[PDB]
Every structure is written in C-alpha cells, then in structure tokens.
Amino acid sequence: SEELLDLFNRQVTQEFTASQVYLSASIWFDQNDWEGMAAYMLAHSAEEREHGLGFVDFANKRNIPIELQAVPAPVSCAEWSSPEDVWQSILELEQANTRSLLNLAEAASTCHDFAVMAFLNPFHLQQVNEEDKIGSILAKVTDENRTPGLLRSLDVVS
Amino acid sequence: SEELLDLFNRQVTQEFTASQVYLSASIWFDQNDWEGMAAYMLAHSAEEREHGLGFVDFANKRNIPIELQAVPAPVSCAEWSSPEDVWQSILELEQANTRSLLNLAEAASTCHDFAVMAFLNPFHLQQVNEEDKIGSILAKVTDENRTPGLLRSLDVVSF
Amino acid sequence: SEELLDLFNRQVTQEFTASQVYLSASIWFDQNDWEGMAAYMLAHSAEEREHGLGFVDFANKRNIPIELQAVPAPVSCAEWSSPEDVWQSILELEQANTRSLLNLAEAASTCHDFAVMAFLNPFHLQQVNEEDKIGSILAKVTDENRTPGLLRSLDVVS
Amino acid sequence: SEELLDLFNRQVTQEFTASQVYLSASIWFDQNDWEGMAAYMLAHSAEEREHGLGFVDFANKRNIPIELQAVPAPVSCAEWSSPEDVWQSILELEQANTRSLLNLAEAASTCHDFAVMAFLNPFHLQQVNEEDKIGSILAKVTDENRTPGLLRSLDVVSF
Amino acid sequence: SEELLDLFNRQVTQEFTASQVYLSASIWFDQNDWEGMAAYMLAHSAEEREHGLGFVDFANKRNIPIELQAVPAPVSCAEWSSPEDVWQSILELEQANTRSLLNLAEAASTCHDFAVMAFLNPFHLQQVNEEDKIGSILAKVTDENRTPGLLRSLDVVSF
Ligand SMILES: [Fe+3]
Ligand SMILES: [Fe+3]
Ligand SMILES: [Fe+3]
Ligand SMILES: [Fe+3]
Ligand SMILES: [Fe+3]
Ligand SMILES: [Fe+3]
Ligand SMILES: [Fe+3]
Ligand SMILES: [Fe+3]
Ligand SMILES: [Fe+3]
Ligand SMILES: [Fe+3]
Ligand SMILES: [Fe+3]
Ligand SMILES: [Fe+3]
Ligand SMILES: [Fe+3]
Ligand SMILES: [Fe+3]
Ligand SMILES: [Fe+3]
Ligand SMILES: [Fe+3]
Ligand SMILES: [Fe+3]
Ligand SMILES: [Fe+3]
C-alpha cells in the first residue's frame, strides 16, 4: 500500500518533530536555569534524531521512498511556565510517537509486511520504556514542586 | 481488553507455579539421592521465578495492573515414584507454560498489542528450546532406566 | 517431634510468603514511581526466597520431610496508600518472621535438637539486623514525609 | 581424457552427496535424542562439503570444467531404526568415498596426470583414517547396544 | 561435672576410633581394587583424626584433662564382602559419631557450659552434612550394584 509507505514516512517526520520539541524543552530549561533537565532534553533530542535516521536507513534498504517533510516549529514553549508544563508536554509527545508507531505496525500487519513488523519490534519496546521513564520523572517533578525550592534541589541530582 | 490484562496476570502465576513445581522436583530428587537431577531442577526453579519477575517488570512499565495470586501447592509429588515420573511431569509443565504463552500472544494479537507480542517473542523461542531439552532428558532417563542402576550411573556423569 | 517437623515446614512457607509480600511492595512502589524503594523490595524478595531454599536444603539433609504448601496471595497492597504504609507492613512481616524463628527454636530446644538450633543461629542474628534496618528506614520515611515532596527527593538518592 | 574430467566432476558430487547423508544422520540422531552423535554427524557433514569445495578449487586452477550436479536426496534414513543402522550406513558411505577416490587416482595414473595424483594423496590417507574411526565407532555402538540403555549412557560421555 | 570431662575425653576416642575404621575401609577397598572408594576413605580417616585433634586442642585450652585411651581394632572388616557392606558400616559409624556429639552437647547443656556448646555447633552441622553424603553414596552403590560390573564402572568416574 502506498498508505503503509505514507505512514512509514510520517514516522520519520514524527521522530524529527520530536527531536525539535525536545530541543525546545532544553532551551526553556536552560533559560530558566534548570541545566540538568536541559541536558536530559538535549540528549533525548539527539536520540529522537537517531531514531528517525534509523527509519531512513531501513527505508532506503527496503526501497520505501522517503520524502523529507518540513519539521514544524515547536509551539508548546510559548505556553510553558514551569518544569511540570514541559515534562507533561514531553510525555504527551512520547504517547503520540507511540500511537504513530502502532498505526504503522497495524498497516504493516494488514499488508503482511513481516520485515516492517520485525523492524518495529525494538521500537515498540523502547517506547514502553520511555513512556514509563518520562511518567516517572513527571510524577517526581510534580511531587517535589509542592515545596518551594525543593525541585531545584534535585535538578542538581539528575 | 481486560482479558489481556488478565492473561498477563495469570502468566505471572503460571511462572511462579512452575517455579514451585521445579522446587518440588528438586526435593524429591534430593530425598532420593539424585543430587544431579536435584541441582538441575533447583536451577530451573530459579529461572522460572526470573521469568515471572520479567513479566512483572514489563507489566509495571506498561501500566498493566499486577495482582499476585496464590501460588498453588505442587501436588504432582504425590504420584512420583521414579525419575521418569518426575521428568514426565516437568515436560507436561513446560508444555502448559508454552500453551499459556501462545494464548497470551493470541490475545495480544487480537488486540493489536504490538509491544506485548514483541515482548513475548523471546519467550516463545525459549519454550521451544526448553521443551526440546526436557523431552531429550526424559527420553534418556527412560532408556537408561531399563537396566538396574544404570540411570544412577549417569546422574553422576551428566548434571 | 512431629511438632518440630511441622514448624520446620511452616518456616519454609513463611519465607516464601514473605518473598511474595516483598514482591507486592516492589510492585506498589514501581507503580507509584518509587523506583529506589522498589529495587530494595525486589532484592529483599529474592533474599527471602533464598532463606526458604536454605531451610529446604537443611531439611533434605536432616531427613525432615518437606511438603511444599501454597504460597498465599499477599493482601496488604490493597490498603497501602503511601510509602509509610508499605514499610510499616514490611516491618510487621519481619517481626512475624522473627517470632516464628523463635518458636521453631524453642521447639528444637525442647527436643534437644542441637543441630537445628545451630542451623538457626545465623538467622536469629540476621533478623535482628533486618528489623533494625527496616525500623530505621521506616523512621526516616515517616520523618521526611512531613514535608511535601521531600521523601521523593530521597528515594532518588538512596 | 574426458573420463578424468568426468571422474573429477563426479567426485565433487560424491562429497556433496556424503555431506547430505551426514546431515540426514544428524537429523535422525537429533530427532531420537542422540545429541552427541548428532553433533558428530553435523560436523562431518561440514567437512565433506569442505572436501567438495577443495576439489572445486583445484579444478578451477587446473582448468577442469566443473558442472554441478543434482545432490541426491539421502534415502538411507528410510530404513534407520537404531544407531547401529545409522553408523553402518555412514561406514558404507565412507567405503564408497574411498573407492571413488581410488578410481579417480587410477584414471589420473593412466593419464600420467601427476598433479592430480599429488592432489589426491592426502585424501587417500584421510580416508584410511576416517574408515578406521567410523569402523571403531560402529563396533563400540554395536557392543554397547547389547545392554538396554547402555548406548545412551555413552552418547553423553563421548561426543 | 566429671561426667562432662569424661564425655569430652571419650569424644576424642570416638574420633580416633572412626579414623581407624575409615583406614580399615580404605584397606579393604584397595585390596579389592576399588581405588576411588579407597581414596575417599583414606581422606576421611585423616579428617576424623583432625576432628579428634580439634577436641584435644580445645580441651587443653579449657583445662579439661585429656587422657588418651586405647584406639580399638576395627573389626567390622571381618564381615565385609562387598562395597555395600563397607558403606553401610561407615554410615552406622557416622550415625554413632552424631549421637555421641549430641550426648556431649546435652551434658554441656545441663552444666550450662556455654563455651562447650558453642564449640560443638559446627560439628553438629558437619555431621548433618556427612550423614547425608554417606547416605547418598550408599544409596548409589546399592542401586548400581544391581547390575554386574556397573559399580566398578563408577569407582572410575566418581571419586
Ligand atoms: Fe499516499
Ligand atoms: Fe504519499
Ligand atoms: Fe506524499
Ligand atoms: Fe522517538
Ligand atoms: Fe524518545
Ligand atoms: Fe528512543
Ligand atoms: Fe517459564
Ligand atoms: Fe522453564
Ligand atoms: Fe525458561
Ligand atoms: Fe526471612
Ligand atoms: Fe528478611
Ligand atoms: Fe534475611
Ligand atoms: Fe569426503
Ligand atoms: Fe568423510
Ligand atoms: Fe574427510
Ligand atoms: Fe568425626
Ligand atoms: Fe566424619
Ligand atoms: Fe567430619
């Protein structure tokens, strides 16, 4: 299906869009002196770009033509006013990256595209790990931010 | 699907049930002075526990509520009176572990739960290997036990 | 001596019962993003199972017939709503593990079973250490949790 | 001599035929839980393939056209019902590999093809060693199988 | 308690008696070409001597007078005519070593001799292990000896 091919392309776009969103979070954090959260965001910005590159390389091998799309300007930073806002946006982004992976897998399953399904398996599993991790950070952030200054004291951790 | 959550929970209970059945087998072997077969069973009891803990960890990560169930008393050690009986029970146990993983996978499949299916793949292949290994032990035991004392003579050598 | 045998059997069951309660605690902690406390509980679950295995091994050597019982489902996790609740249950578990060791010892002492008494000596000493360690963590948990978020900030540490 | 070219080509087919017969034997052994004898056969299947590839390489170098023939289905695994049957077939197989090398050498000899004869010398001596080894295995199997379970007891120890 | 001193002295004699019984067993095994079982017995003869020397040393330290008694001739080697007979005697010997340690401990206990009881604890646990090991050997011997030559075949492999 040209549609399975669309969805695979769209996954590339989604990983690069996520890369930029993470970068935007790193900027917000740095500008507000949360250098720890900033470094985490930057490293994860690079990792999303790596995912997208992984998809590109597979596509090239499997003759799925890739048409690189615009990477949209991230928009959530206009509204962010605390670390909790940023982490909630990042969770939402990953929950989205996951849904788009599952849509892609459904299409591949419908088309009997065994190679594409196999390729995706480690990404399905990585997404479970990432959502769990982000969810856990967000819950720590939310809880520590109930006492003034205390969240800051644990950016100084990680 | 509540059914999927359910089957996932039950797989934990299955792995822990298996862990206890292996422990039971180790005891029987030790009590009847088959230390080599007893060691094998004990190690495999640990491994089944690790499997169950694997499932627990993934569940936690994927927000599948785990409720720990009673781990039944192993009762196959009532009817055991030779090593063949024990290995036969262990074979049936793994055959059941396999079937329950396949049922789990089919529920995942119906639900399009690609992450659960991916998680299960190495277990599917492990079970193939375990059933084969167990099968092959049981064959060997059954053949060797046709001569008095000969099986004993290879608890020593192997294991 | 049937009483000593029975108590020896129940001790195995008590260890495995405890293992499951520790597993249940690690689950509650993980679900609630206390990964540190979760890890402590998981390690201790393994340890409890090791203690049970220890009793099994001695029993086999000493011809104490072991019949493996059911390991009852843990039921405290339904009532836990904070780390404090979890640690308080685990303390109570260890106090019970201790009482049942002392009963088993007393039975052995009545029977003049010097080998069983000697076998049990390191376990008595280990219970003292565990009760102390758990009581101490509970104290620290109870104190830290008087300030919102502060406990979180110290799961992340130790 | 077209006859020499021919016999040279056929030796490749012989080595590959042997490779498959060994593979067949491994399968039979594995299926009947003789993992040690199955490993031996598998390794020897690889080795026969290497022999055939040796012949191919020399042919290429010496401008003897190689045309690859069908590699027949191994069918001796129809009649196998004990390890003795399998080892007996393998012995006959090597006896045939030997005879075919000797026929090859005799054709070379008639043609004064000193390079082919030199090439063959290590294979002649290898076959002597293989027939002896196989022979000795088969004797051992046949003796051990006179007591129930005893052969099994030495798939474990040896191999 | 003179009774405690006494029982302590007798335990030395017991350990040395055991040492000689093991030596006797080694001789029987060697004479009948069971070199592996003979080695095991010889090593265990040394170990019993070490036990007796342990008791002597503690006694000296705790001012319990030691008077060395005659070490009886081992006479169980009159009735031995198979390895089973020998291992059976060794099992009974350890059962007696255990009982005598327990009697010693009970005397200590009555006398509130906490240092003697503490000294004995590792021996109590060692005896548990030795009786289990011996028991398990004897089972294996008895099973293997049901087929002619088979026991011999595992003096070689084990030990
Ligand atoms: Fe399209
Ligand atoms: Fe398109
Ligand atoms: Fe397009
Ligand atoms: Fe991604
Ligand atoms: Fe990501
Ligand atoms: Fe990632
Ligand atoms: Fe399992
Ligand atoms: Fe298993
Ligand atoms: Fe497994
Ligand atoms: Fe415990
Ligand atoms: Fe504990
Ligand atoms: Fe402990
Ligand atoms: Fe060949
Ligand atoms: Fe060959
Ligand atoms: Fe060869
Ligand atoms: Fe001794
Ligand atoms: Fe001893
Ligand atoms: Fe000793």
# chains A, B, ... in the order shown; residues from 1 in each chain; ligands from 1

$ residues_near_ligand --ligand "ligand 7" --cutoff "9 Å" --atoms "only C-alpha atoms and all ligand atoms" --output "JSON, numbers by chain"
{"B": [11, 14, 15, 16, 18, 19, 44, 45, 47, 48, 49, 50, 51, 52, 94, 97, 98, 123, 126, 127, 130]}

$ residues_around --residues "residue 141 (chain E)" --least-positions-apart "2" --cutoff "8 Å" --atoms "only C-alpha atoms" --output "PDB file with N, CA, C and O atoms, in the first residue's frame"
ATOM      1  N   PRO E  83      31.175 -53.766  48.504  1.00  0.00           N
ATOM      2  CA  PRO E  83      31.233 -52.344  48.863  1.00  0.00           C
ATOM      3  C   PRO E  83      30.052 -51.881  49.626  1.00  0.00           C
ATOM      4  O   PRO E  83      30.217 -51.084  50.548  1.00  0.00           O
ATOM      5  N   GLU E  84      28.877 -52.466  49.377  1.00  0.00           N
ATOM      6  CA  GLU E  84      27.737 -52.098  50.195  1.00  0.00           C
ATOM      7  C   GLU E  84      27.932 -52.305  51.671  1.00  0.00           C
ATOM      8  O   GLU E  84      27.448 -51.506  52.436  1.00  0.00           O
ATOM      9  N   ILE E 137      25.841 -41.718  48.996  1.00  0.00           N
ATOM     10  CA  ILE E 137      26.755 -42.712  48.428  1.00  0.00           C
ATOM     11  C   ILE E 137      26.265 -44.141  48.527  1.00  0.00           C
ATOM     12  O   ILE E 137      26.270 -44.920  47.528  1.00  0.00           O
ATOM     13  N   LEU E 138      25.794 -44.486  49.703  1.00  0.00           N
ATOM     14  CA  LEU E 138      25.385 -45.842  49.978  1.00  0.00           C
ATOM     15  C   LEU E 138      24.178 -46.165  49.076  1.00  0.00           C
ATOM     16  O   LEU E 138      24.063 -47.252  48.533  1.00  0.00           O
ATOM     17  N   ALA E 139      23.257 -45.236  48.929  1.00  0.00           N
ATOM     18  CA  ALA E 139      22.122 -45.460  48.022  1.00  0.00           C
ATOM     19  C   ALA E 139      22.584 -45.763  46.566  1.00  0.00           C
ATOM     20  O   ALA E 139      22.052 -46.681  45.870  1.00  0.00           O
ATOM     21  N   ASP E 143      22.240 -49.212  44.403  1.00  0.00           N
ATOM     22  CA  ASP E 143      21.495 -49.255  43.171  1.00  0.00           C
ATOM     23  C   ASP E 143      22.377 -49.770  42.018  1.00  0.00           C
ATOM     24  O   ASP E 143      21.974 -50.647  41.273  1.00  0.00           O
ATOM     25  N   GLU E 144      23.592 -49.240  41.919  1.00  0.00           N
ATOM     26  CA  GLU E 144      24.485 -49.584  40.845  1.00  0.00           C
ATOM     27  C   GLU E 144      24.914 -51.011  40.915  1.00  0.00           C
ATOM     28  O   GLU E 144      25.186 -51.646  39.899  1.00  0.00           O
ATOM     29  N   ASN E 145      24.999 -51.535  42.127  1.00  0.00           N
ATOM     30  CA  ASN E 145      25.473 -52.911  42.265  1.00  0.00           C
ATOM     31  C   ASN E 145      24.440 -53.939  41.845  1.00  0.00           C
ATOM     32  O   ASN E 145      24.702 -55.150  41.907  1.00  0.00           O
ATOM     33  N   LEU E 151      28.972 -51.083  39.255  1.00  0.00           N
ATOM     34  CA  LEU E 151      29.540 -50.293  40.370  1.00  0.00           C
ATOM     35  C   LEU E 151      30.996 -49.920  40.107  1.00  0.00           C
ATOM     36  O   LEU E 151      31.519 -48.830  40.413  1.00  0.00           O
TER      37      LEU E 151
END

$ residues_around --residues "residue 21 (chain B)" --least-positions-apart "2" --cutoff "10 Å" --atoms "only C-alpha atoms" --output "list in words"
residues 15, 16, 17, 18, 19, 23, 24, 25, 26, 27, 41, 42, 44, 45, 48, 72, 73, 74, 75, 76, 77, 86, 89, 90 and 93 of chain B; 68 of chain C

$ closest_atom_pairs --of "chain E" --to "chain D" --cutoff "12 Å" --atoms "only C-alpha atoms" --output "tab-separated table"
residue	atom	partner	partner_atom	distance
E:147	CA	D:147	CA	10.6
E:148	CA	D:147	CA	11.7
E:150	CA	D:150	CA	10.4
E:153	CA	D:153	CA	11.7
E:157	CA	D:157	CA	10.2

$ interface_residues --of "chain C" --to "chain B" --cutoff "8 Å" --atoms "only C-alpha atoms" --output "list in words"
residues 20, 24, 27, 30, 31, 56, 60, 63, 66, 68, 69, 70, 71, 72, 73 and 74 of chain C
